[PDB]
>>> print(open('input-v1.pdb').read())   # PDB, C-alpha atoms
ATOM      1  CA  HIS E   1     137.146 168.043   5.608  1.00  0.00           C
ATOM      2  CA  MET E   2     135.070 170.887   3.982  1.00  0.00           C
ATOM      3  CA  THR E   3     135.295 174.156   5.949  1.00  0.00           C
ATOM      4  CA  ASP E   4     134.917 177.922   5.484  1.00  0.00           C
ATOM      5  CA  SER E   5     138.655 178.463   5.799  1.00  0.00           C
ATOM      6  CA  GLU E   6     138.310 182.008   4.368  1.00  0.00           C
ATOM      7  CA  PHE E   7     136.163 182.982   7.436  1.00  0.00           C
ATOM      8  CA  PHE E   8     139.183 182.128   9.607  1.00  0.00           C
ATOM      9  CA  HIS E   9     141.604 183.945   7.288  1.00  0.00           C
ATOM     10  CA  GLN E  10     139.525 187.070   7.688  1.00  0.00           C
ATOM     11  CA  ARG E  11     139.238 186.686  11.463  1.00  0.00           C
ATOM     12  CA  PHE E  12     143.044 186.132  11.745  1.00  0.00           C
ATOM     13  CA  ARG E  13     143.734 189.328   9.786  1.00  0.00           C
ATOM     14  CA  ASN E  14     141.021 191.436  11.504  1.00  0.00           C
ATOM     15  CA  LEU E  15     141.549 190.487  15.135  1.00  0.00           C
ATOM     16  CA  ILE E  16     142.373 193.552  17.309  1.00  0.00           C
ATOM     17  CA  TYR E  17     144.559 193.805  20.377  1.00  0.00           C
ATOM     18  CA  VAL E  18     142.275 194.162  23.454  1.00  0.00           C
ATOM     19  CA  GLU E  19     144.288 195.208  26.567  1.00  0.00           C
ATOM     20  CA  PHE E  20     141.766 193.593  28.933  1.00  0.00           C
ATOM     21  CA  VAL E  21     142.518 190.245  27.235  1.00  0.00           C
ATOM     22  CA  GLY E  22     146.213 190.854  27.145  1.00  0.00           C
ATOM     23  CA  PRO E  23     149.219 189.414  25.346  1.00  0.00           C
ATOM     24  CA  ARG E  24     149.141 185.712  26.156  1.00  0.00           C
ATOM     25  CA  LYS E  25     145.466 185.198  25.351  1.00  0.00           C
ATOM     26  CA  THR E  26     145.852 187.296  22.194  1.00  0.00           C
ATOM     27  CA  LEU E  27     148.663 185.000  21.036  1.00  0.00           C
ATOM     28  CA  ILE E  28     146.531 181.904  21.694  1.00  0.00           C
ATOM     29  CA  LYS E  29     143.686 183.396  19.619  1.00  0.00           C
ATOM     30  CA  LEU E  30     145.879 184.391  16.725  1.00  0.00           C
ATOM     31  CA  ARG E  31     147.452 180.985  16.599  1.00  0.00           C
ATOM     32  CA  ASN E  32     144.053 179.191  16.629  1.00  0.00           C
ATOM     33  CA  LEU E  33     142.741 181.470  13.844  1.00  0.00           C
ATOM     34  CA  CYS E  34     145.810 180.994  11.630  1.00  0.00           C
ATOM     35  CA  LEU E  35     145.682 177.201  12.044  1.00  0.00           C
ATOM     36  CA  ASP E  36     141.929 177.132  11.161  1.00  0.00           C
ATOM     37  CA  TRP E  37     142.746 179.136   8.063  1.00  0.00           C
ATOM     38  CA  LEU E  38     145.815 177.312   6.809  1.00  0.00           C
ATOM     39  CA  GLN E  39     145.057 173.745   8.172  1.00  0.00           C
ATOM     40  CA  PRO E  40     148.713 172.695   8.018  1.00  0.00           C
ATOM     41  CA  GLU E  41     147.724 169.087   8.904  1.00  0.00           C
ATOM     42  CA  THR E  42     146.161 168.906   5.385  1.00  0.00           C
ATOM     43  CA  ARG E  43     148.857 170.756   3.375  1.00  0.00           C
ATOM     44  CA  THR E  44     152.572 170.776   2.797  1.00  0.00           C
ATOM     45  CA  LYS E  45     154.871 173.720   3.587  1.00  0.00           C
ATOM     46  CA  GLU E  46     154.977 174.298  -0.196  1.00  0.00           C
ATOM     47  CA  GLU E  47     151.154 174.558  -0.416  1.00  0.00           C
ATOM     48  CA  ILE E  48     151.091 176.988   2.496  1.00  0.00           C
ATOM     49  CA  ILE E  49     153.625 179.205   0.743  1.00  0.00           C
ATOM     50  CA  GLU E  50     151.470 179.269  -2.338  1.00  0.00           C
ATOM     51  CA  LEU E  51     148.480 180.424  -0.313  1.00  0.00           C
ATOM     52  CA  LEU E  52     150.602 183.303   1.101  1.00  0.00           C
ATOM     53  CA  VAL E  53     151.745 184.299  -2.369  1.00  0.00           C
ATOM     54  CA  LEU E  54     148.112 184.202  -3.556  1.00  0.00           C
ATOM     55  CA  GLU E  55     147.001 186.329  -0.553  1.00  0.00           C
ATOM     56  CA  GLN E  56     149.604 189.001  -1.385  1.00  0.00           C
ATOM     57  CA  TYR E  57     148.897 188.875  -5.154  1.00  0.00           C
ATOM     58  CA  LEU E  58     145.162 189.446  -4.605  1.00  0.00           C
ATOM     59  CA  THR E  59     145.953 192.655  -2.709  1.00  0.00           C
ATOM     60  CA  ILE E  60     148.175 194.192  -5.405  1.00  0.00           C
ATOM     61  CA  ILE E  61     145.757 193.658  -8.377  1.00  0.00           C
ATOM     62  CA  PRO E  62     145.063 196.918 -10.176  1.00  0.00           C
ATOM     63  CA  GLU E  63     142.000 198.400  -8.632  1.00  0.00           C
ATOM     64  CA  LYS E  64     139.925 198.348 -11.941  1.00  0.00           C
ATOM     65  CA  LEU E  65     140.443 194.554 -12.101  1.00  0.00           C
ATOM     66  CA  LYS E  66     139.579 193.720  -8.470  1.00  0.00           C
ATOM     67  CA  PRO E  67     135.819 193.299  -8.921  1.00  0.00           C
ATOM     68  CA  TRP E  68     136.451 190.985 -11.880  1.00  0.00           C
ATOM     69  CA  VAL E  69     139.082 188.883 -10.151  1.00  0.00           C
ATOM     70  CA  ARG E  70     136.881 188.395  -7.222  1.00  0.00           C
ATOM     71  CA  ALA E  71     133.736 187.612  -9.250  1.00  0.00           C
ATOM     72  CA  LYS E  72     135.883 184.853 -10.721  1.00  0.00           C
ATOM     73  CA  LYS E  73     137.567 183.549  -7.485  1.00  0.00           C
ATOM     74  CA  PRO E  74     140.686 182.100  -8.931  1.00  0.00           C
ATOM     75  CA  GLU E  75     141.551 179.487  -6.332  1.00  0.00           C
ATOM     76  CA  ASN E  76     145.299 179.531  -7.019  1.00  0.00           C
ATOM     77  CA  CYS E  77     148.050 181.766  -8.494  1.00  0.00           C
ATOM     78  CA  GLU E  78     148.418 180.090 -11.838  1.00  0.00           C
ATOM     79  CA  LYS E  79     144.846 180.635 -12.517  1.00  0.00           C
ATOM     80  CA  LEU E  80     145.079 184.306 -11.512  1.00  0.00           C
ATOM     81  CA  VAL E  81     148.043 184.824 -13.814  1.00  0.00           C
ATOM     82  CA  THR E  82     146.376 183.269 -16.882  1.00  0.00           C
ATOM     83  CA  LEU E  83     143.288 185.187 -16.121  1.00  0.00           C
ATOM     84  CA  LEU E  84     145.183 188.486 -15.905  1.00  0.00           C
ATOM     85  CA  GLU E  85     146.956 187.453 -19.110  1.00  0.00           C
ATOM     86  CA  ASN E  86     143.368 187.848 -20.688  1.00  0.00           C
ATOM     87  CA  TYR E  87     141.293 190.388 -18.528  1.00  0.00           C
ATOM     88  CA  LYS E  88     143.487 193.527 -18.550  1.00  0.00           C
ATOM     89  CA  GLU E  89     142.646 196.079 -21.301  1.00  0.00           C
ATOM     90  CA  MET E  90     139.740 197.515 -19.250  1.00  0.00           C
TER      91      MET E  90
END
>>> encode(input="input-v1.pdb", output="structure tokens")
Amino acid sequence: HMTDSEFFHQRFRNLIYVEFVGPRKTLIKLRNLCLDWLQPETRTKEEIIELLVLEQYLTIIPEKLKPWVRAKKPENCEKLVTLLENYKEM
């Protein structure tokens, strides 16, 4: 159903290793966070791969374009590519 999956993406990426918690509990947490981000029960392996490609692409955007790309929120790669095909001379 509708969720803030990006909240979980950020938590997954920003979780820190806390010695008091230790390795097994840290694995459990990471797994829960990644599943609440990617919701594999709703998506195919192919769709998941596309999300990972999008995640990486968003990080490598030239810095001068990042505010623009994010104001726009392209929700998939194709979008992002057609957008950068028309946003660049900045």
>>> residues_near_point(input="input-v1.pdb", point="(146.3, 184.6, -7.9)", cutoff="10 Å", atoms="only C-alpha atoms", output="PDB file with C-alpha atoms, keeping the file's coordinate frame")
ATOM      1  CA  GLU E  50     151.470 179.269  -2.338  1.00  0.00           C
ATOM      2  CA  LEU E  51     148.480 180.424  -0.313  1.00  0.00           C
ATOM      3  CA  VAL E  53     151.745 184.299  -2.369  1.00  0.00           C
ATOM      4  CA  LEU E  54     148.112 184.202  -3.556  1.00  0.00           C
ATOM      5  CA  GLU E  55     147.001 186.329  -0.553  1.00  0.00           C
ATOM      6  CA  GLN E  56     149.604 189.001  -1.385  1.00  0.00           C
ATOM      7  CA  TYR E  57     148.897 188.875  -5.154  1.00  0.00           C
ATOM      8  CA  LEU E  58     145.162 189.446  -4.605  1.00  0.00           C
ATOM      9  CA  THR E  59     145.953 192.655  -2.709  1.00  0.00           C
ATOM     10  CA  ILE E  61     145.757 193.658  -8.377  1.00  0.00           C
ATOM     11  CA  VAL E  69     139.082 188.883 -10.151  1.00  0.00           C
ATOM     12  CA  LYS E  73     137.567 183.549  -7.485  1.00  0.00           C
ATOM     13  CA  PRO E  74     140.686 182.100  -8.931  1.00  0.00           C
ATOM     14  CA  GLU E  75     141.551 179.487  -6.332  1.00  0.00           C
ATOM     15  CA  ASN E  76     145.299 179.531  -7.019  1.00  0.00           C
ATOM     16  CA  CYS E  77     148.050 181.766  -8.494  1.00  0.00           C
ATOM     17  CA  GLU E  78     148.418 180.090 -11.838  1.00  0.00           C
ATOM     18  CA  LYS E  79     144.846 180.635 -12.517  1.00  0.00           C
ATOM     19  CA  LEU E  80     145.079 184.306 -11.512  1.00  0.00           C
ATOM     20  CA  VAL E  81     148.043 184.824 -13.814  1.00  0.00           C
ATOM     21  CA  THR E  82     146.376 183.269 -16.882  1.00  0.00           C
ATOM     22  CA  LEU E  83     143.288 185.187 -16.121  1.00  0.00           C
ATOM     23  CA  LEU E  84     145.183 188.486 -15.905  1.00  0.00           C
TER      24      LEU E  84
END
>>> atom_distance(input="input-v1.pdb", atom1="CA of residue 5 in chain E", atom2="CA of residue 67 in chain E")
21.1 Å
>>> closest_residue(input="input-v1.pdb", among="E:87, E:4, E:19, E:35", to="residue 66 in chain E", atoms="all atoms listed in the file")
E:87
>>> closest_residue(input="input-v1.pdb", among="E:37, E:45, E:24, E:30", to="residue 6 in chain E", atoms="all atoms listed in the file")
E:37
>>> atom_distance(input="input-v1.pdb", atom1="CA of residue 40 in chain E", atom2="CA of residue 27 in chain E")
17.9 Å
>>> atom_distance(input="input-v1.pdb", atom1="CA of residue 12 in chain E", atom2="CA of residue 33 in chain E")
5.1 Å
>>> axis_aligned_box(input="input-v1.pdb", around="range 12-29 of chain E", padding_each_side="5 Å", output="JSON")
{"center_x": 145.1, "center_y": 188.6, "center_z": 19.4, "size_x": 18.2, "size_y": 23.3, "size_z": 29.1}
>>> residues_around(input="input-v1.pdb", residues="residue 36 in chain E", least_positions_apart="2", cutoff="8 Å", atoms="all atoms listed in the file", output="ChimeraX atom specification")
/E:5,8-9,32-34,38-39
>>> closest_residue(input="input-v1.pdb", among="E:90, E:15, E:2, E:28", to="residue 63 in chain E", atoms="all atoms listed in the file")
E:90
